[PDB]
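You are given structure tokens for the same protein chain in two forms, set apart as structure 1 and structure 2.
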Structure 1
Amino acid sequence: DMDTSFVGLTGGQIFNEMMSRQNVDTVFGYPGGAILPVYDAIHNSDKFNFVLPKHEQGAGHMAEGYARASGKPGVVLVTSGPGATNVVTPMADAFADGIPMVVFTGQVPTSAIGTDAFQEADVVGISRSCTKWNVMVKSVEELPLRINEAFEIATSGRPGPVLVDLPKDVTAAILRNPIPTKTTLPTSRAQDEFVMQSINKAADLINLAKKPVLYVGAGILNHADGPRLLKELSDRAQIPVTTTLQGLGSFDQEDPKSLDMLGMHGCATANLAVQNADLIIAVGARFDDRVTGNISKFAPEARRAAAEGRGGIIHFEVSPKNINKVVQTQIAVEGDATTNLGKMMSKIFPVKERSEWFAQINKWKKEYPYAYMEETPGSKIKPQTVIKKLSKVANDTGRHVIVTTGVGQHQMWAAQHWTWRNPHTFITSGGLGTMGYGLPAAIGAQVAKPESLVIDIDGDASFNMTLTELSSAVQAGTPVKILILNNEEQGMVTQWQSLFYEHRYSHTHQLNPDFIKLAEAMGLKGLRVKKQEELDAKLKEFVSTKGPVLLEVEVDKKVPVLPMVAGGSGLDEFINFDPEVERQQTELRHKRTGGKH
């Protein structure tokens, strides 16, 4: 069939029309010359809300935050050259964390491409490795098709970003030819039989397990029923649950079967359970190097069970690229995890109880809590204490709470000390680990959920990366609450410098501006707290302030995040907290640094 309904419109107007067809209600971008034809077409358009940042990187991170909080793809619209290169980090970031995002970059006229034209860049070539797919629209006739392919690829399989390059002559051009109706409109029986066979094997293996553990990640959150079916399986088979950083919120941590987070900085109990389980059921997780520890030492008991045909590893993965990439698995259940958990449920034998397993796990829970050096008379506020208190204060409001963070120690403490209970409430950069993600992600998340209490638990160095977006929050009308755990250092780096480079802190201390005065200059309320006795009141004021507000908390310095598994250590070969050792290490630091730190 042929469609003539677009004949007569410009590329920009067609773009405008395709947005509402793709159910897009929000667009994040920054205007420019090459992209003018599209902006003129979306001028005053009520098809969607437009959010304007101060920098394109901000638009990209806002879009990611928006996508993480809404489940819908984040749409970015920037110009050619510098406008496009400024979104590479956000794309690389979405690529690592599987975030759906469609990036539209204006380009110079097709007749100028390859002539080193003004503001011309080979964005398709540049974003090749950090997008699931990209393309340069060569004619207005193919604009609808490309847009549709972009949204489909970004939101299917493992979500991810895609880039569509838009030559100025294509968007300014008028469609003078009818186009295929298909290009304008947004399961083998053997395959299904094969998946079902996988599910049956997975079920049989699970019914055999004596010490099972559910290793859950971001994949379970890519379906509305994910958390529900996960809990059902957990309850039904009495299986303890541990999640990755990106899986936090998928399992109710108030549940006794919760093991909390695993990994480099995960709860020792979670790591021990994984190192001792006879069966690891990986659900929507990719065994990244921040989770497995020394891979040759990863899950010894599951490895032993496999050698004896009584266990091993089961993996519910949607992408073939991540199947058997890091570790050999016994059974790979291809496809959407939630969908496959639903099909397998009936084949799982209800389990009365696992007393020994749970008893062992409970001994660990008593022995390895997230211990740290708490406040003492006259001391500075402890960062971990701030998270604990804010978590309670925020939870007690009864509102829907969303948490975004920067990258570093504050990020890990937010992950460890916050009590996660709801899906899609923790938005953080994990794969690429982009400092500066906190503020813009929060702004985007707030646009997605106007009624939610959105908190950006940020670090001082991370915050500096993108602090210019503070005025954007005001202009966007997003009452975000910015929390800066200021230790006047790049904590995560100084930590590694403390542990592996004998306290030699090389250029890891940046000079911060007055955050409170900065906040006021940017248009929002600014609050500071440095005294222990004022923390509670300030957190209260912080959370109940009506518009956007920033709260800086001066926190102790050179405080390591523990437990910790690094180098060639196994998940069960972690460094635990020890007040005596911290005191000795502090003394050693003052000497080695010549009293500078």
Structure 2
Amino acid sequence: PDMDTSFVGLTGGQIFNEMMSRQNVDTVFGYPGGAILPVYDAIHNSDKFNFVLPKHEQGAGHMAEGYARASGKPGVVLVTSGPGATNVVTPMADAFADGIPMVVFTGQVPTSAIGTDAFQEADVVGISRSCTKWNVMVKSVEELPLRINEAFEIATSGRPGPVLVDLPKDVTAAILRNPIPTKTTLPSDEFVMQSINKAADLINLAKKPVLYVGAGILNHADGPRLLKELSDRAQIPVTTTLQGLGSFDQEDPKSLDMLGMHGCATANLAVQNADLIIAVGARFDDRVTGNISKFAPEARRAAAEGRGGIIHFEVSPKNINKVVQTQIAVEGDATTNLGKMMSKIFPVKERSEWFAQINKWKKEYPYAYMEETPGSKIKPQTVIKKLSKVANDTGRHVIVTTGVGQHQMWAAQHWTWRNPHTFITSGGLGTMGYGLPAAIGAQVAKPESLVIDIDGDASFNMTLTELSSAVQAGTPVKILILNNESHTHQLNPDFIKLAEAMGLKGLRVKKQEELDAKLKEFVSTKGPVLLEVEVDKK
């Protein structure tokens, strides 16, 4: 039993700080309260941590999500007992649905008061069970480093996700009197190898392969690089899921852009005509596949003839052969396994016919929307198209968050995606209000990046109180509101006056001819800014 005395004499609060440092955390999103005070005071008073304060705990959660997606690091959330904890249920479920690394620390009533219906107090472990990968209540200060290390390890491994650590006030305020095992203080087969070889064989055999890439490739820093490398080496066209946008440069000649029900027809056609589908960190969602029996007939036929089919690089065993029957499953981290596979891949000089057919499709079936005519209302797709161009022309690194609704899909389709970790949107849970706090967190993660929230009026209304949080945090986020307003009529506030009340510059566009100028002013504006564009209804 190798024992450690280095935390003896410290409070749980300081121990928490040290553990945060060991986990390479320098940013925490949260909101104070009595039960979490011993930890909050330690974090708040240390210049080693940027503590970001929202107006509502839900904001803290969504900020952490945006931070995680932008940085690849886990988002750390620190809230109090009862309502503090219940206010982060939505962001936890959101992170759980989208596979986002998040560690949620919740203050709790003292261990002596558990289950007496004390002031605040909630069965947070019970509430959050189905919306976390794992949760726990820390029972003693001795146990605090162990649970923190476990939480972070679980949150950042397999498919990433939210974990919750319940922290009773008496535990965090207590001083460690006893040495603890050294291990608890430190942060954290040939079938797989056979599968990698076989997948290399199939790829080398394929005449019309397609790479089908999702969010999983983003869960490792080297993911997109190895994806690009495999695509170049074997000359394989690449299509992405909505959550995979950014993982592959859409200006690359081999990009098929987005796959699925709302994707480019060329991408869909490529997939239906491929003899091999190489699925990398993707879930085979029905919005991507459509009717599963009609999906990838050329791949099915190739599998039946033993010359192709489907390869699935998937980290979770439970997702293997859950939707589609695969010929080869490569279990584990996609990036890691792509790296091991690379040297076994035959360098292909060209696939002239395959790319010729693809490029013909690109001519025949581009995206199409009822474009603007003189004197007509502005089309939301046009705003997004123009803004993408304007944003790129800045030469800056650009990150995009969205709310939930038609604008979300339009952003996915009509924006030109070039860099990884630049599309931050609520896909699995579809949480309205996501855009603004996610942008703030993303901006904190990437202070030099231009961060744009493409939002709808209804979604924006959900969390608009966080506008003041953006000013306070010094995050110069660019908020875009595409305002499209029997039916359901919601009374909107004056968004420009609202922004001004919150401390931001506010801009508005009603007519087609003032759009280009305002878009330039919007992006060029220093500090946070809201631009409302009055827009045509679908």
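Just so we're on the same page, residue numbers count up from 1 along structure 1's sequence. By rigid core we mean the largest C-alpha set that fits within 1.5 Å across both forms.
- Looking at CA displacements between the two structures with the core superposed, a shift of 2 Å or more is confined, among 529, 42, 539, 549, to 42.
- Once the rigid core is overlaid between the two structures, residue 178 counts among the residues whose Cα shifts by 2 Å or more.
- A C-alpha shift of 0.9 Å is found for residue 424 between the two structures, based on superposition of the rigid core.
- Core superposition gives residue 356 a CA displacement of 2.1 Å between the two structures.
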